[PDB]
């Protein structure tokens, strides 16, 4: 017990109503980028019973069929029948989209060289990396995401046909201190809540969630007789998706990042093109942090950057190594300065941020998966 502590993170499934909105917002972004790599996109999505509303600002040369893009995203998630609470074929899709404000456009990107475009807004952003997993992510959030992915897998393969797309999971891990780094010891508590059909009973669900979901995801070495399980703790979850709870874009920002570890500056990712530093600078900050850890300079590290609207270079850059670096904080900042250029008009080139890959980022976290450009460490010169 000496030197140990508990930490909890959560994740949600593809049909969680907030995550539906993130995925739709990024499907819209991708559709624009497929035709206009320089589309300016700020697409919020709102979901409630029978309704997807798109609201925001897009200036783009693309011709996008919003009805088709939205409905295909909902179909992919799995909401295809009134019996499940939501159906892509028959829901309302409402659009309240205007051009980007000309005042923003003139102050950010109009008549600017691409590398010297200003940040699309002010704000602060953080990147984090931890050596506790190979992918440099906290175990709590990785396991929580993988539990949701397993539910979707067993729904889609017909193993557990009573499952529906809306789910939430939560994992509490006991950690040991290790010279500023952290070492996972065991799983203390798991929560799983998932929408289900009217016919399956709680005992069938709880047994399946333990044997076919948890045991198929969480290594047995982390589970013991004392692990606490809260499986379908509400007792009934037939109503779900947007019918059970309104969804909005950008309401799962901690799920999207580090599960509470590190820090967060408040900005949402989905529905935004590269000029919105909330996304591009957070991706670049992750890339920096992961590069420092994979480069052997830190075991655990947090990077902050901040911007002013219309100004290309960050206003501030800061680093905290948790006592896990032999280099000083000053030396780390110099290494980052010499190896990275965090202007948005340079990040876009380094991370290929005009490519329409964003819908793939919008469930199961933006980091630690799939070797996206910000997950491929840069070789550092020093």
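Under this definition, the rigid core comprises the largest set of C-alpha atoms superposing within 1.5 Å between the forms. Positions refer to the first chain, counted from 1.
When the other structures are laid on the shown form by the core, the C-alphas of 321-329 and 43-51 differ in how far they drift in 7 other deposited structures of this protein; the larger average drift belongs to 321-329. Relative to its counterpart among 177-185 and 279-287, 177-185 has the higher mean temperature factor, C-alpha atoms as listed in the PDB entry. Taking only CA atoms, the mean B-factor in the PDB entry is higher for 320-328 than for the other of 320-328 and 43-51. The top Cα temperature factor in the record, among 121, 225, 81, 245, falls on 225. Highest CA B-factor among the listed residues (166, 273, 111, 87): 111. When the modelled residues of the chain are ordered by their C-alpha B factor, residue 229 lands in the middle third.
The PDB entry assigns residue 265 a C-alpha temperature factor belonging to the lowest third of its chain's modelled residues. Among the modelled residues of its chain, residue 256 has a C-alpha B-factor that falls in the lowest third according to the deposited record. For residue 368, the recorded CA temperature factor ranks within the highest third of the chain's modelled residues. Looking at the C-alpha B-factors along this chain, the one for residue 63 belongs to the highest third.
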